[PDB]
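Asker: This is the structure, below, for whatever I ask next.
There are 4 protein chains.
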Amino acid sequence: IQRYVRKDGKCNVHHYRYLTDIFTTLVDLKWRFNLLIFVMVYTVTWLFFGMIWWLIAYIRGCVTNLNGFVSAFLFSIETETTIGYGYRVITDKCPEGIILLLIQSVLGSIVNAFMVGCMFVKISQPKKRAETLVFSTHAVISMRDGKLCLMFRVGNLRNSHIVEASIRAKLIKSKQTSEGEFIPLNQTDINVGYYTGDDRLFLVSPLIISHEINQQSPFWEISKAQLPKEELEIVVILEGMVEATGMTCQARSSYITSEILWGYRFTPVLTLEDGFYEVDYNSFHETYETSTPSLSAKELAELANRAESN
Amino acid sequence: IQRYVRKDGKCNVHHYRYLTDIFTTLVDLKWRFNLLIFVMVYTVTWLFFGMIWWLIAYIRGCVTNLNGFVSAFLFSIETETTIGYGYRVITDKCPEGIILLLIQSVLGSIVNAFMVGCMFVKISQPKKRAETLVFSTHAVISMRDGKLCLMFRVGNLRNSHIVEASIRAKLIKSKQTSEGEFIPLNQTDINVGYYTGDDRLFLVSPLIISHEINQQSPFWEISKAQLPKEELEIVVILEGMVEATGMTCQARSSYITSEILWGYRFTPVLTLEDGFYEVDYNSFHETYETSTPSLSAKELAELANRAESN
Amino acid sequence: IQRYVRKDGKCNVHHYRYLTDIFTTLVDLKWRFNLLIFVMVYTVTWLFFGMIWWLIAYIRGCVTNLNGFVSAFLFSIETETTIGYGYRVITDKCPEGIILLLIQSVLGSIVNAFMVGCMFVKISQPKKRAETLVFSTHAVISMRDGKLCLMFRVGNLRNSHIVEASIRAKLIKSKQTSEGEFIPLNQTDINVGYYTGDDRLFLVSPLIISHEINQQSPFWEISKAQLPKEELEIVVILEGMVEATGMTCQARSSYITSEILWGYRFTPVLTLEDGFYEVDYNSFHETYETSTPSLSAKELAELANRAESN
Amino acid sequence: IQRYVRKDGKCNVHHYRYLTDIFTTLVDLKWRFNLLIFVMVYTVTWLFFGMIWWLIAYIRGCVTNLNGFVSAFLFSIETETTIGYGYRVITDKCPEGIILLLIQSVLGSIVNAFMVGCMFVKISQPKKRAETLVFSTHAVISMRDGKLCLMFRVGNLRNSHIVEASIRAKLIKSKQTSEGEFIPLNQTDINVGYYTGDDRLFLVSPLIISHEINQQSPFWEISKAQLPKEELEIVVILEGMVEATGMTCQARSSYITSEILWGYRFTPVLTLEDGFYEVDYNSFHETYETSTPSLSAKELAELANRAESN
Ligand SMILES: [K+]
Ligand SMILES: [K+]
Ligand SMILES: [K+]
Ligand SMILES: [K+]
Ligand SMILES: [K+]
Ligand SMILES: [K+]
Ligand SMILES: [K+]
Ligand SMILES: [K+]
Ligand SMILES: [K+]
């Protein structure tokens with residue numbers, strides 16, 4: 055079976077109450093659609109009012137300088153667009169015209185107010201900054217001061233902060249319960265700092281996120297040899313608020329069994345030049361292999377505790 | 055007595077400082093109300109200014137092409153709606169007219185700015201996306217790798233994420249204190265992942281939320297037999313931010329004693345077809361019963377610890 | 055010395077970089093101020109451009137139907153307010169006029185866009201909903217299933233939720249360190265659910281917040297008799313997001329030594345009528361006294377542990 | 055090597077997918093840029109439409137009172153700015169003109185709606201309130217009721233709250249792993265209240281943040297004498313939401329080895345005058361030295377435990 059989350063963040067799952081917010085069905089779409097639909101609803105109000113204008117216009121013979141429905145449209149414009157050329161002006165004789173304008177004048181400033189709002193949000197869409205946050209292309213497993221770690225690397229490309237940025241990881245893997253319940257893409261959390269507040273990053277330059285593999289880690293029992301065989305996939309989530317706007321964004325990625333590398337280790341990406349720190353974004357995804365025991369974290373521990381014991 | 059929260063999210067409780081924010085009294089209402097009140101306040105400003113316009117107009121005899141108060145309204149329009157037909161134009165002779173326009177011109181662009189804002193928020197109301205988040209219709213109680221669990225199922229229907237989505241549960245049940253204090257619909261939290269960060273979901277496909285029933289669970293003492301008799305109600309809360317807009321939404325639901333099912337178990341809703349995961353939303357609320365001890369979680373434990381002991 | 059926070063939420067403390081956000085100096089003010097300043101800056105742009113218009117107008121003799141600076145103002149209006157009467161129209165002969173309009177036309181739609189924004193936020197100010205959240209007028213201390221508690225009561229008046237609502241408390245009291253450092257209004261946290269997630273409320277009807285007084289509570293050593301003498305003040309903070317808008321609000325209050333009541337107990341405010349829960353907001357602040365040991369929580373404990381011991 | 059974060063908050067690090081949000085590349089810039097670019101895109105639409113207007117205008121000979141491209145611009149204005157002088161009015165004879173206006177009329181109210189939005193956010197930028205939050209200029213190390221502390225001081229200058237304000241600290245220092253991995257500006261968290269909820273401030277007057285130096289602190293092994301030699305830098309982060317708007321802001325600062333002062337102690341900044349608390353912001357950064365053991369926190373402890381032991 056094939057992966058839940060694509061390396062780039064989109065998921066591999068497809069799914076009446078979408079009119080309960082006819083708002084959000086709009087915001088997901090793409091530009092040329094909106095631009096036309098904007099016009100669609102803009103165009104139609106001019107038909108709608110232009111028909112109703114001609115409805116009370118035909119009854120009359134409130135109207136100056138018109139000939140057909142070609143003029144009911146261009147009058148409907150001088151109104152809603154509040155252009156008002158003053159060639160086709162309003163006149164007093166009839167008691168019907170004013171209160172239609174009043175219907176329109178308000179409604180035309182409603183159609184605008186509705187649709188400055190949606191434009192704004194479309195522009196301001198947070199998910200866009202999900203582009204300028206990046207993950208390393210592989211995760212690695214290797215030793216760090218005695219304990220075995222699973223490490224992936226995280227980055228922010230834009231010169232400005234993404235405030236309140238945290239991270240979490242989820243292990244996805246089907247399992248069976250002693251009882252017999254199969255649970256298809258079951259999700260359990262991976263400790264990446266939660267308990268100390270170390271998962272609350274400070275993302276000014278690329279950081280290495282490190283999950284230590286201990287009795288509670290999923291990778292406790294997994295040795296180098298077993299790893300390739302294992303059918304797990306690690307989902308990785310960076311969440312934070314765009315300094316620029318309070319908008320709260322999220323960046324996902326994924327590691328599948330074959331993208332975790334046993335015994336390797338990230339290239340450093342930092343150096344100092346004339347007062348600024350230099351990120352060599354070339355070295356970002358790069359890793360190298362070092363000497364790394366091949367045993368599971370568990371077997372590795374016992375070999376330690378037998379040493380201290382003797 | 056009858057339930058606190060309706061399966062759909064509204065609560066069964068009814069309640076001077078509502079003018080301390082005359083803002084929020086507006087936003088709760090329904091469309092046809094606003095649409096009229098918008099017009100109400102729109103219409104009245106044209107009366108108000110039109111009266112005041114005629115006030116200084118009568119004194120004059134700043135005014136061109138008017139006859140009655142029929143013209144003070146249509147002039148009041150060419151101003152506020154900034155239409156300005158140029159049939160009824162301003163003129164210099166009087167020192168009074170300009171500074172009224174200046175009162176209006178600003179105020180007309182105030183009445184707009186006020187009421188693009190409220191339109192926007194009404195459109196953008198987060199609570200709307202509370203529709204596209206769903207809970208299972210029943211909760212169940214059954215075994216999962218040895219420990220007894222209370223499980224309900226949670227979903228997101230819309231193809232897009234609801235960011236930073238967490239969950240919590242509250243047990244509502246009246247109680248008495250040794251002391252004698254009766255406490256009517258008293259609320260205590262149910263562990264659904266809080267301590268590990270497992271309550272911080274990743275809601276891409278329906279998940280099963282599971283509260284393990286241990287010494288600290290409310291359901292420690294409750295056996296299958298006792299359950300029907302118990303007068304509890306579990307309130308369930310999903311909170312998160314709409315990816316689309318930073319708006320922070322909340323979805324509630326409820327389980328009452330008779331909607332928890334002992335010994336059952338959710339149907340899986342997942343399958344893989346040609347590269348996409350298939351949610352069979354038909355199987356969403358569906359459960360089946362499996363073999364499940366009928367004892368309380370407590371009695372079930374002791375029977376275990378007596379086994380290990382011997 | 056006198057209290058830090060007034061029962062109503064304002065604090066009793068008074069305080076170059078206020079132009080680093082000339083934004084927020086604006087939003088704190090009151091309506092009549094804005095309304096005038098709006099006009100102030102609106103009025104002045106018409107002077108400013110009207111002077112500059114007459115500057116290039118005098119040079120000319134781009135201009136139709138003007139006499140003095142009375143017309144440079146009313147032309148400056150038909151421009152910025154985009155009214156454009158078409159009595160005073162633009163003309164081609166001069167190469168200077170168009171690019172000033174272009175300066176203005178853009179700037180007039182800037183002055184608007186600037187000041188729809190601030191209007192909006194002023195309207196939408198979250199702190200307003202700090203009015204519809206209420207605290208009980210007193211806190212009490214009395215027993216709850218064996219342990220001694222400090223309890224105050226919290227409410228939401230508006231029929232709609234305030235999402236993600238939590239609570240915290242701070243103990244304020246000057247102290248001295250063995251070392252000798254005096255620390256004037258020093259602040260330490262009071263446990264009101266933090267460790268279990270019980271401080272994350274569900275505020276649909278008034279709840280009683282309860283801090284159990286244990287070895288870690290500030291009130292461990294304080295007996296009934298000592299209480300009046302103690303110079304402490306408890307600050308109470310309710311934080312949450314307005315369901316209506318993502319705006320994140322905060323409601324404070326305070327308890328000083330003499331407003332905590334030993335041995336009392338809140339009146340219940342709940343009852344059920346024909347399917348709706350009835351909050352008797354009359355009974356909201358009301359308490360009564362019950363039988364309550366007068367000893368400190370500490371002395372009360374030891375008397376227990378000596379009992380179990382024997 | 056030189057510091058990661060400047061005392062004022064900017065970092066000392068410099069860094076295709078910046079068009080994936082051409083939104084945020086805009087908001088970082090400075091006023092005079094926007095003001096011109098606004099005009100840039102405003103000016104060009106009048107060229108663009110004015111050319112296209114003349115395109116179908118030349119074909120004609134929909135047009136009244138024009139001479140060259142000087143009029144195609146001033147007509148393009150009476151349209152987009154919705155000024156509509158009514159000297160140059162629309163006419164019926166041609167079937168081409170109306171649907172271009174309809175292209176424009178909508179697009180002109182799009183260019184506006186786009187660029188009220190960005191104006192707004194630029195105005196409302198949260199990072200601005202990062203100016204009115206301040207840190208003390210030095211941190212100090214000295215005793216507080218027996219335990220050794222690292223303390224820095226934090227403030228809010230503006231009379232209004234910054235809601236939900238928390239604090240965290242990061243220790244930055246390169247290190248080597250037994251294994252051999254060098255890790256250049258490696259980041260580990262410093263406890264400043266996280267575990268008790270004491271890092272969740274109530275910032276009404278300047279507070280002293282205190283990290284107790286215990287077995288888990290980085291400063292466990294560091295004595296007064298060693299301190300100057302150590303190459304560490306403490307990064308300090310205040311995060312919270314502007315009461316005024318939900319915008320979520322962040323304020324950083326930094327302490328390098330030589331800005332931590334062993335044996336000193338902050339001057340109190342509080343006093344009471346006629347009912348208001350007086351902050352003497354003069355005493356804000358000020359410290360004095362007191363009698364302070366010079367040993368590391370570790371050696372200091374053992375000397376204690378040897379005392380209790382005997
Ligand atoms: K914690
Ligand atoms: K927000
Ligand atoms: K107009
Ligand atoms: K106009
Ligand atoms: K006009
Ligand atoms: K925790
Ligand atoms: K916790
Ligand atoms: K006109
Ligand atoms: K905690």
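Protein chains in written order, with the entry's author numbering: chain A, 55 to 69, 76 to 121, 134 to 382; chain B, 55 to 69, 76 to 121, 134 to 382; chain C, 55 to 69, 76 to 121, 134 to 382; chain D, 55 to 69, 76 to 121, 134 to 382. Positions of the beta carbon are idealized from the N, C-alpha and C atoms, including for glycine.
To the nearest whole angstrom, what separates the beta carbons of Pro290(B) and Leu243(B), a pair I think is in contact under 8 Å?
Answerer: Position 218 of the second sequence, counted from the start, is the residue given in the question as residue 290(B). Position 171 of the second sequence, counted from the start, is the residue given in the question as residue 243(B). At roughly 5 Å, the Cβ-Cβ gap stays under 8 Å, so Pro290(B) and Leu243(B) are in contact.
Asker: Do the region 273 to 291 of chain C and the region 166 to 173 of chain C touch if we need at least three Cβ pairs shorter than 8 Å?
Answerer: Taking 8 Å as the limit for Cβ pairs, the verdict is that the region 166 to 173 of chain C does not touch the region 273 to 291 of chain C.
Asker: Interface residues of chain D around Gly158(B) at Cβ under 8 Å?
Answerer: Within the second sequence, numbered from 1, the residue matching residue 158(B) stands at position 86. Under the 8 Å cutoff, chain D gives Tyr157 and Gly158.
Asker: As a quick exercise: from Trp106(A), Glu315(A) and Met100(A), pick the residue whose alpha carbon is nearest that of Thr85(D).
Answerer: On the fourth sequence, position 25 is the one that residue 85(D) refers to. Selected option, being the one with the closest Cα: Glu315(A).
Asker: Just to check my reading of the structure: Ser196(A) and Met319(A) have Cβ atoms closer than 8 Å, yes? What is that Cβ distance to the nearest angstrom?
Answerer: On the first sequence, position 124 is the one that residue 196(A) refers to. On the first sequence, position 247 is the one that residue 319(A) refers to. Indeed they touch by this definition, with Cβ atoms about 6 Å apart.
Asker: Does any residue of chain C bring its CB to less than 8 Å from the CB of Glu284(B)?
Answerer: Here residue 284(B) refers to the residue found at position 212 when the second sequence is read from its first residue. Cβ-Cβ to chain C under 8 Å: no for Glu284(B).
Asker: Which residue or residues does DSSP assign as beta-bridge partners of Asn228(C)?
Answerer: As a first step, residue 228(C) must be located in the third sequence, where it is residue number 156. Looking at the DSSP assignment, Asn228(C) forms a beta bridge with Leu205(C).
Asker: Does chain B have any CB closer than 8 Å to the CB of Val235(A)?
Answerer: By 1-based counting over the first sequence, the position of residue 235(A) is 163. False, the Cβ-Cβ gap to chain B never drops below 8 Å.
Asker: Can you tell me which of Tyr353(C), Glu150(C), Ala237(C) and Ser208(C) puts its alpha carbon nearest to the alpha carbon of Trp113(C)?
Answerer: Counting from 1 along the third sequence, the entry for residue 113(C) is found at position 53. Per the Cα distances, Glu150(C).
Asker: Smallest Cα separation from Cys221(D): which of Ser238(D), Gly189(D), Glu371(D) and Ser282(D)?
Answerer: Taking the first residue of the fourth sequence as 1, we reach residue 221(D) at position 149. Of the candidates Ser238(D), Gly189(D), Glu371(D) and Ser282(D), the one whose C-alpha sits nearest the C-alpha of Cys221(D) is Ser282(D).
Asker: Got a list of residues with beta-carbon closer than 6 Å to any non-hydrogen atom of ligand 2, in chain order?
Answerer: That gives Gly318(A), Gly318(B), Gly318(C) and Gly318(D).
Asker: Considering Cα atoms alone, identify which of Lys219(B), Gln322(B), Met191(B) and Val264(B) is closest to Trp91(B).
Answerer: On the second sequence, position 31 is the one that residue 91(B) refers to. Cα-wise, what sits closest to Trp91(B) is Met191(B).
Asker: Please list the residues of the region 245 to 262 of chain B that have a C-beta atom closer than 8 Å to any C-beta atom in chain C, keeping them in chain order.
Answerer: Residues passing the 8 Å Cβ filter: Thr249, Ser250, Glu251, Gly252, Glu253, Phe254, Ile255, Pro256, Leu257, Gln259, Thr260 and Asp261.
Asker: To the nearest angstrom, report how far apart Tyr336(C) and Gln248(B) are at their CA atoms.
Answerer: Locating residue 336(C) in the third sequence gives position 264, where the first residue counts as 1. Locating residue 248(B) in the second sequence gives position 176, where the first residue counts as 1. Taking the straight line joining both Cα atoms gives about 16 Å.
Asker: Among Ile262(B), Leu146(B), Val161(B) and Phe254(B), whose alpha-carbon lies nearest the alpha-carbon of residue 73(B)?
Answerer: Coordinates for residue 73(B) are simply not present: the residues of chain B run from 69 and resume at 76.
Asker: Using a C-beta cutoff of 8 Å, does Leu229(C) count as contacting chain B?
Answerer: Residue numbering aside, residue 229(C) sits at position 157 when the third sequence is read from its first letter. It does: the Cβ of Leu229(C) has a partner Cβ on chain B nearer than 8 Å.
Asker: Under a three-way DSSP split, which group does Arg92(B) fall into?
Answerer: By one-based count along the second sequence, residue 92(B) stands at place 32. In this structure, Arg92(B) counts as helix in the three-state DSSP scheme.
Asker: When you measure from the CB of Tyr267(C) to every non-hydrogen atom of ligand 7, does any distance come out below 7 Å?
Answerer: As a working mapping, residue 267(C) is identified with position 195 in the third sequence. Yes, the Cβ of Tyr267(C) comes within 7 Å of a heavy atom of ligand 7.
Asker: As a quick check of your reading: which residues have a C-beta less than 7 Å from at least one non-hydrogen atom of ligand 5, in chain order?
Answerer: This selection yields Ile155(A), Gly156(A), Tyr157(A), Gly158(A), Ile155(B), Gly156(B), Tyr157(B), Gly158(B), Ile155(C), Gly156(C), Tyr157(C), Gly158(C), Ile155(D), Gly156(D), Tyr157(D) and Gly158(D).
Asker: Within 10 angstroms of the Cβ of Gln298(A), are there 16 or more other Cβ atoms? Answer buried if so, exposed if not.
Answerer: Here residue 298(A) refers to the residue found at position 226 of the first sequence. With fewer than 16 Cβ atoms within 10 Å of its Cβ, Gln298(A) is classed as exposed.
Asker: Could you check what DSSP says for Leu304(A) in three-state terms: helix, strand or coil?
Answerer: Walking along the first sequence from the start, residue 304(A) turns up at place 232. Correct three-state label for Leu304(A): coil.
Asker: Under the DSSP definition of a beta bridge, which residues are partnered with residue 133(D)?
Answerer: This structure gives no coordinates for residue 133(D). The numbering of chain D moves from 121 immediately to 134.
Asker: Nearest chain B C-beta to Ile97(A) closer than 8 Å, yes or no?
Answerer: Residue numbering aside, residue 97(A) sits at position 37 when the first sequence is read from its first letter. It does not: the Cβ of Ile97(A) has no partner Cβ on chain B nearer than 8 Å.
Asker: Spell out whether any CB of chain A is found under 8 Å from the CB atom of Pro290(D).
Answerer: Locating residue 290(D) in the fourth sequence gives position 218, where the first residue counts as 1. Output row for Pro290(D): interface = no.
Asker: Could you tell me the distance, in whole angstroms, from the CA atom of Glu203(C) to the CA atom of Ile328(C)?
Answerer: Numbered from 1 along the third sequence, position 131 holds the residue referred to as residue 203(C). Numbered from 1 along the third sequence, position 256 holds the residue referred to as residue 328(C). One C-alpha to the other measures close to 21 Å.
Asker: I need the straight-line Cα distance from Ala373(A) to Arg77(A), nearest angstrom please.
Answerer: In the first sequence, the residue the question calls residue 373(A) occupies position 301. In the first sequence, the residue the question calls residue 77(A) occupies position 17. Straight-line Cα distance between these residues: approximately 53 Å.
Asker: Grab me the residues of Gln322(A)'s own chain with a C-beta within less than 6 Å of its C-beta, minus the 5 sequence neighbours each way, in chain order.
Answerer: Sequence index remark: in the first sequence, residue 322(A) carries index 250 (1-based). Taken in chain order, the residues that qualify are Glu311.
Asker: Output needed for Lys199(A): all residues of its chain with C-beta closer than 7 Å, excluding positions within five of it in sequence on either side, in chain order.
Answerer: As a position in the first sequence, residue 199(A) is number 127, starting the count at 1. Correct list, in chain order: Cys321.
Asker: In or out: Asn228(A) buried (at least 16 other Cβ within 10 Å) or exposed?
Answerer: Locating residue 228(A) in the first sequence gives position 156, where the first residue counts as 1. When all chains shown are included, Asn228(A) counts as buried.
Asker: Assuming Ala211(A) and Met223(A) make a contact with CB atoms under 8 Å, what is their CB distance in whole Å?
Answerer: Taking the first residue of the first sequence as position 1, residue 211(A) is located at position 139. Taking the first residue of the first sequence as position 1, residue 223(A) is located at position 151. Confirmed, Cβ separation roughly 6 Å.
Asker: In the DSSP assignment, find the alpha helix (DSSP H) that holds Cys190(C) and state where it starts and stops.
Answerer: For the purposes of this step, residue 190(C) is taken as the residue at position 118 of the third sequence. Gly169 to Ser196 is the span of the alpha helix (DSSP H), which, as asked, contains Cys190(C).
Asker: Note the first and the last residue of the continuous beta strand (DSSP E) segment covering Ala144(B).
Answerer: Sequence index remark: in the second sequence, residue 144(B) carries index 72 (1-based). First-last for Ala144(B): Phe141 to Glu152, but that is the alpha helix (DSSP H), not the beta strand (DSSP E).
Asker: Closest to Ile175(D) by CA distance: which of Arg201(D), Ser148(D) and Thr163(D) is it?
Answerer: Within the fourth sequence, the letter at position 103 stands for residue 175(D). Measuring from the Cα of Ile175(D), the nearest candidate turns out to be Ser148(D).
Asker: Could you name the residues of chain D that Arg216(A) contacts, counting a contact when the two beta carbons are closer than 8 Å?
Answerer: Working through the first sequence from its first residue, we reach residue 216(A) at position 144. Chain D residues near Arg216(A): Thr249, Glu251 and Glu253.
Asker: Is the beta carbon of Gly156(B) less than 8 Å from the beta carbon of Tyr157(C)?
Answerer: Reading the second sequence from its first residue, position 84 is the one you call residue 156(B). Reading the third sequence from its first residue, position 85 is the one you call residue 157(C). Contact: yes.
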